[PDB]
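K.L.:
Got an experimental structure here, sequence first:
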Amino acid sequence: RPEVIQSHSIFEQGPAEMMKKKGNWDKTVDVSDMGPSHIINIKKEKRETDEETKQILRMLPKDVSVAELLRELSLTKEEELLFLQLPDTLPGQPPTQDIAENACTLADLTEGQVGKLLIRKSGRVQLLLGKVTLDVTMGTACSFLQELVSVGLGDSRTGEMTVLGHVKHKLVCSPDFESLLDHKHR
Amino acid sequence: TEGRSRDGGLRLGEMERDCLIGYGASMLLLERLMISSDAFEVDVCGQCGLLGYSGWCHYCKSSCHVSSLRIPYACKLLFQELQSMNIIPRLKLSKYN
Amino acid sequence: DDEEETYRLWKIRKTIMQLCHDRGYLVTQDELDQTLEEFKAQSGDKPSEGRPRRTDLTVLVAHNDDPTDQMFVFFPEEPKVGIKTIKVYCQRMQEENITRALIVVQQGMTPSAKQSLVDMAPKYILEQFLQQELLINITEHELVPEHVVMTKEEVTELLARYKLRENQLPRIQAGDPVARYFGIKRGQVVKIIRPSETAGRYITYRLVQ
Amino acid sequence: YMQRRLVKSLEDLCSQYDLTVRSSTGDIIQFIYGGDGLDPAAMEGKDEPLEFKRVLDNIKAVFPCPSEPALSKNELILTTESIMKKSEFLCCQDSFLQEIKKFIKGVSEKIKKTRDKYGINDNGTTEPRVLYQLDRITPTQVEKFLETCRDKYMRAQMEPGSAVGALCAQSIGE
Amino acid sequence: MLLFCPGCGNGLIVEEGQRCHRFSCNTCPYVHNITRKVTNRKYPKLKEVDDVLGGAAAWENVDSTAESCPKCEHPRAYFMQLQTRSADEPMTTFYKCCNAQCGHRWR
Amino acid sequence: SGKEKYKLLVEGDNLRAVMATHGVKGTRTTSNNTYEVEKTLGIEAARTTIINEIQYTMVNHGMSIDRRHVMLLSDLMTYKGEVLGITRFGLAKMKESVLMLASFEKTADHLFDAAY
Ligand SMILES: [Zn+2]
Ligand SMILES: [Zn+2]
Ligand SMILES: [Zn+2]
C-alpha cells in the first residue's frame, strides 16, 4: 500500500461531493418486477419502536382524557372500546350475597346505570359513582395489539371463540383522597 | 517483657535503628540491640559451621576449630529453630585483620 | 505529503552524517551542513528519487584506524524487512568484503530477522535503527550528556587510579540508545561529562554490560 | 512505609576514605560524593559551600587595621595571586580556586569603579582621607579572608565513614 | 439497525439470495427481499471549533456587499456559520470584530 | 513582558513519537515518566529526569532538599544500567541477602528455596 499520500490546496465543490455520493448508491436493480422480487406491503419487518414500525415506505405527544373523549364523541360517531382499571373496592354493598365489609367488585353489582361520568371544564374528568367522585386519568398508553375476545363454552367439550374488536386506549380510575380527607379530617 | 504492668521496658523500633544508623554510631547500636537486650556466648566450630559448647564441637568430635563469638539470643533461637526445620545455617567464620 | 517525506529523508541523512562523524568515520564537511534546499539537488520527490538504492552510503571509512575498515548505511524499502532482504544485504556485503553495516528500517523488523542479526556472524555485524528514532539527534539533547568512548590505555589508568577491577564500575546496557548510537560493544568504558549547576564539570564512567 | 523501603535500600552505602561511595559488595555508586565531595550539613550558602560576600564583610568587620593602606585593583590582584600560589592551596579543588579568583576580580572591579567615581589616586595622598574608607580592603584582611575560605572548604568536605545513604533516606522521607 | 421478524420476533440477519440480498430470520421461514435503497445514518459528534477559530484562522465566508458589524459600522469583521454538533443541527451564526484599538466578541 | 512563546503540554506516554513529529523541537523536550526517558534517551537522561522530577515535587510543597541527596538517590537507582525500583524486586536485584528478604514478606518459600 503506498503510504506517502499526496494532498492539494484546492477546495472541494459541494455539489461535486453530493453528485458523487448520489452516483454511488442511487443505482437501482428494481427492474425485476417479479414474484420473488415483489414484496408484501402489510408484512414489513418491525422497526423496534412499535409506534415507528415503518422503516421502509411507499414514498408523538400524549393525549389527555378530555381530548380522547372529545375525539371519540365529536370527531367520529363510531363506537370504540376502552379498557379501564378500577380501584379495589367500590363504594357499595353486596346485595343479599351472604356478606364482613369485603371487596365490592363489579361482580357483586347489578345491571343498570351505575354512575355518571362528569367531564369538568379544563381537563378535569371525574367519575361520579354515587356521592363520592372517583378520578379518571390516562394510563400508560399501549401500542401493541390488544384484541377483546369472547369465549363461550356452550357445549361441555367445545365452544365458541369470538373477537369483539381491538382495544386501543387504557383508562385508570383512582379515588380522590384529597376530597375524602377534606370531608372529615383525621 | 511488653507493657508497663509487667515492668516491661521500651522498644527500639524499626525507625530508631535507622536514626542510629544515620549518625554512624556503630557501637551504640551494637550495645542497644545486643548487650542491653540479650547477650549470649556461643561456640561456633570453624570447620563444620555448626554451633558447639564449652570449646567442643560435638559433630566433628574435636576442639581444634571452635571459636568464642558474642551473639544475640534471638539469633541463636533463630538458628536452632532453623536446624529443627532441616534448614541448616553453617556459619563460616573468617577472621579479623 | 512529499514535503514531509523529503523532510524525513533529509533529517535521517543529517543524523547519519553526525553519527558517522561521532564514530570516527570520515565525513565530508558539506554533508554536515546540508540544507534542505541543497538536498533538493541530488535527491528529489517520490517518483524520481528512490530510497533503497539511491540514498545509500558506503563511502564512510575509519580514517583513524585503516581505510579498508568501512561501514554501510542502507535504507531498506519495505516496512517489515524480510529475512531474504537481510541475505541480499549480507551477500552484497560478503562480495564487497566489509564487516560493518547499518540498517535504517522504516517500521521495524520481523523477529526472525532480528534473531538472524544476532547469529549471522561475529564478523558480520549489522545495526537495526528505526527511522523514528533517528529523526532527532539524541546526542544534541539537553538531557543526554556528552559521552566519549575511552581508549584501553586510559581505561587502564582509570582502573589504576581508583584501584578497581573492571566489574566494579557502574554499568550501561548494550541495548541502551546512546550505546546503540556510539556503536560500542561489551567491555568498553565510556566517559560521561555531566553538566553542573555551577560552571564546573563532573566526570563519571560506565562499563558496557 | 516509603521511608522503610528507602532505608532498606540505601543503608549499606558509605563514603570510603578515597572519597568514593561504594555499595555493600564494592561496586561504585559515585566516584565522588555528589560531584564535589561536600556535606549537605555544612552548606553556608544556597547549596554551595560558602557565600563569599558575607565572609568578606565578616573579615572587614572583625579585623579592621586602621594603620594599613587600602589596596588598589592591581595590588589586590597581585597580592591575591601571591597568596593563592602557596603550598596549602594545592589541597583544594580547581573549581574552588576559580570561584575565589572570580570573586576577587569582582571586588577589584568594585574598587576601580568607586575610585573612578570619586577621583581617588592610588598613591594614598588625596586630602579628604575619608574617601579611603569607601571600598577599603587591606592585605591583612586578604590573608585572613583566604585562610578563612580555605578552612571552611576543608572542614566542609564529606567526612569518610558517614552513613550517607541513611541520610538520603531520612532527608527524603521527612 | 435491529429489525425483527413479524412472525417470531427473533433478530434478522442480512444474507444474499438468488435474485436479491435478503433480510432473513434464522429460526422461521420469513425473508424480506431488499428491493430498494435503505439506509441508517449515525451522525456522530464532531470536534469543538471554539479554539480553532480564535486567533486569525483561515476563514473565507466574507463576500462582496457584506454587512458591516453593528458596533463599529465598518466591514472590518469576519463572520461564519458552522454546525457545533452533528450536521442535523441548524447552523448557528456568529461574528467577531477586530479593528485598531477595538477588540470585541459577538454572537 | 519581553517575549511570548507557546509551549505544548502533552498528556501522553509515547515520548519517541512526540519527539519525531515535524515542528516540535526534539532537542529540548522532557517527560515525567522516567521509564519512557530510559527507553528513549538512555540511562543517563533517566538519571537526570529522576533528579529534576524529585526536586520539582519537593519545591512545589515548599520543602527544600539539598541536591546531593536526590543526586545520590538517582545514582543508586541507575548504577546497574537499568532503572530499578525500591520495591522488593529491585531490592532483590540490589541486595543479595536472604534474611533481609525473609523479614519482608513471603512466609517460608524464600527460606526453603535458599536451603535448597
Ligand atoms: Zn565441627
Ligand atoms: Zn422470524
Ligand atoms: Zn473591528
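P.N.:
Here it is on my side, so go on. Numbers count the residues shown, from 1 in each chain, chains lettered A, B, ... in the order given. Ligands and ions are numbered 1, 2, ... in the order given.
K.L.:
now the end-to-end length of stretch B:77-92.
P.N.:
18 Å (CA to CA, to the nearest Å).
K.L.:
gap between it and the chain center?
P.N.:
Distance, stretch centre to chain centre, for stretch B:77-92: 12 Å (CA atoms, centre = their mean, to the nearest Å).
K.L.:
Same check on stretch D:123-139?
P.N.:
Worked out by CA atoms, centre = their mean, stretch D:123-139 lies 27 Å from the chain centre.
K.L.:
Residues contacting it, please?
P.N.:
Outside stretch D:123-139, the residues within contact range by CB atoms under 8 Å, 6 or more residues apart in numbering or on different chains are D:56, D:60, D:65, D:68-71, D:76, D:79, D:107, D:110-111, D:114-115, D:118-120. Where C-beta positions appear, they are placed from N, C-alpha and C, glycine not excepted.
K.L.:
Closest residue of chain F to ligand 3?
P.N.:
Across chain F, no residue is closer to ligand 3 than residue F:4, which sits at 21.9 Å (CB to the ion).
K.L.:
domains for chain C, by residue range?
P.N.:
Chain C is divided into the following domains under curated CATH domains: C:1-136, C:137-209.
K.L.:
Sort out which residues of the longest helix that chain D contains are buried, please.
P.N.:
In chain D, assigned by DSSP state H, the helix with the most residues is helix D:94-118. The neighbour-count check on helix D:94-118 (16 or more other CB atoms under 10 Å in any protein chain shown) flags D:95, D:96, D:97, D:99, D:100, D:103, D:104, D:107, D:108, D:111, D:112, D:115 as buried.
K.L.:
ok, that helix near chain F or not?
P.N.:
No. Judged by CB under 8 Å from any CB of the partner chain, helix D:94-118 stays clear of chain F, getting no closer than 15.1 Å.
K.L.:
right, quick check: that helix against chain C, any contact?
P.N.:
Yes. For helix D:94-118 and chain C, the contact criterion (CB under 8 Å from any CB) is met by D:95, D:98, D:99.
K.L.:
Now find how far off-centre that helix is within its chain.
P.N.:
Put simply, helix D:94-118 sits 15 Å off its chain's centre (CA atoms, centre = their mean).
K.L.:
can you list contacts of that helix?
P.N.:
C:198-200, D:36, D:49, D:52-53, D:56, D:71-73, D:76-77, D:80, D:84, D:89, D:120, D:122, D:131, D:134-135, D:137, D:146, D:149, D:153.
K.L.:
switch the cut-off to 6 Å
P.N.:
Helix D:94-118 is contacted from outside by C:200, D:52, D:73, D:76, D:77, D:80, D:131, D:134, D:135, D:153, using CB atoms under 6 Å, 6 or more residues apart in numbering or on different chains.
K.L.:
of those, closest to residue F:84?
P.N.:
residue C:200 (28.6 Å; CB to CB).
K.L.:
Count the residues that sit near that closest one.
P.N.:
The number of residues packed near residue C:200 is 16, by other CB atoms under 10 Å in any protein chain shown.
K.L.:
Excluding residues flanking it in the chain, which one is nearest the residue in chain C positioned nearest to chain B?
P.N.:
Closest residue of chain C to chain B, CB to the nearest CB: residue C:163 (19.7 Å). Nearest-residue entry for residue C:163: residue D:18, 7.8 Å, with adjacent residues in sequence omitted and distances by CB to CB, 6 or more residues apart in numbering or on different chains.
K.L.:
May I ask which helix or strand encompasses that neighbour?
P.N.:
Assigned by DSSP states H and E, residue D:18 belongs to no helix or strand.
K.L.:
Now it. Its backbone dihedrals?
P.N.:
Phi and psi for residue D:18, reported as degrees, to the nearest 10, are phi -90, psi 20.
K.L.:
repeat for residue C:129
P.N.:
phi -120, psi 130.
K.L.:
coming back round to it: just send the domains of chain C back as JSON lines, with distance to ligand 3 too.
P.N.:
As requested, these are exported to JSON lines (distance: least, CB to the ion, whole Å):
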{"stretch": "domain C:1-136", "distance to ligand 3": "36"}
{"stretch": "domain C:137-209", "distance to ligand 3": "43"}
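K.L.:
rewinding a little: so which helix or strand takes in the residue of chain F closest to ligand 3?
P.N.:
Going by DSSP H and E, residue F:4 is not in any helix or strand.
K.L.:
wait, what's in contact with residue 82?
P.N.:
No chain specified, so I'll use chain A. A:169, A:171.
K.L.:
that's the other chain; I wanted chain D
P.N.:
Applying CB under 6 Å, 6+ apart, no residues contact residue D:82.
K.L.:
ok, back up a step: who wins for proximity to ligand 2 among the domains of chain C?
P.N.:
domain C:1-136 (47.4 Å).
K.L.:
Any residue of the closest one touching chain A?
P.N.:
Yes. Under the criterion of CB under 6 Å from any CB of the partner chain, chain A is reached by domain C:1-136 at C:1, C:2, C:5, C:46.
K.L.:
what about the second one, helix or strand, and which?
P.N.:
When elements are defined using DSSP H and E, residue C:2 is found to belong to no helix and no strand.
K.L.:
what's the neighbour count on it?
P.N.:
For residue C:2, the count of nearby residues is 14 (other CB under 10 Å).
K.L.:
so it makes contact with residue C:47?
P.N.:
No. With contacts counted by CB atoms under 6 Å, residue C:2 stays clear of residue C:47, the gap being 9.3 Å.
K.L.:
Which parts of chain C are helices?
P.N.:
C:4-22, C:29-32, C:36-42, C:51-54, C:83-96, C:111-119, C:152-161, C:177-182.
K.L.:
for the ones you listed, which one ends up most surrounded?
P.N.:
A comparison of the helices of chain C by mean neighbour count, using mean count of other CB atoms under 10 Å in any protein chain shown, puts helix C:177-182 on top with a mean of 20.
K.L.:
contacts for that one?
P.N.:
C:147, C:149, C:172, F:42.
K.L.:
what are the ranges of the helices in the chain?
P.N.:
As the question left the chain open, I've gone with chain A. Using DSSP H, the helices of chain A run over A:14-25, A:65-70, A:177-183.
K.L.:
Switch to chain D, please.
P.N.:
D:2-10, D:52-62, D:73-84, D:94-118, D:139-155, D:164-173.
K.L.:
try chain E
P.N.:
E:50-53.
K.L.:
top strand in it by residue count?
P.N.:
strand E:92-99 (DSSP state E).
K.L.:
who does it pair up with?
P.N.:
strand E:77-82 (antiparallel), strand E:102-106 (antiparallel) (DSSP bridges).
K.L.:
quick revisit: include distance to residue D:169 when you put the domains of chain C into CSV, please.
P.N.:
Below are the domains of chain C laid out as CSV (distance: least, CB to CB, whole Å):
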stretch, distance to residue D:169
domain C:1-136, 37
domain C:137-209, 20
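K.L.:
Pull out the buried positions in the longest strand of chain E.
P.N.:
E:94, E:95, E:96, E:97.
K.L.:
repeat for stretch A:123-135
P.N.:
Buried, per 16+ other CB under 10 Å, within stretch A:123-135: A:125, A:126, A:127, A:129, A:133, A:134, A:135.
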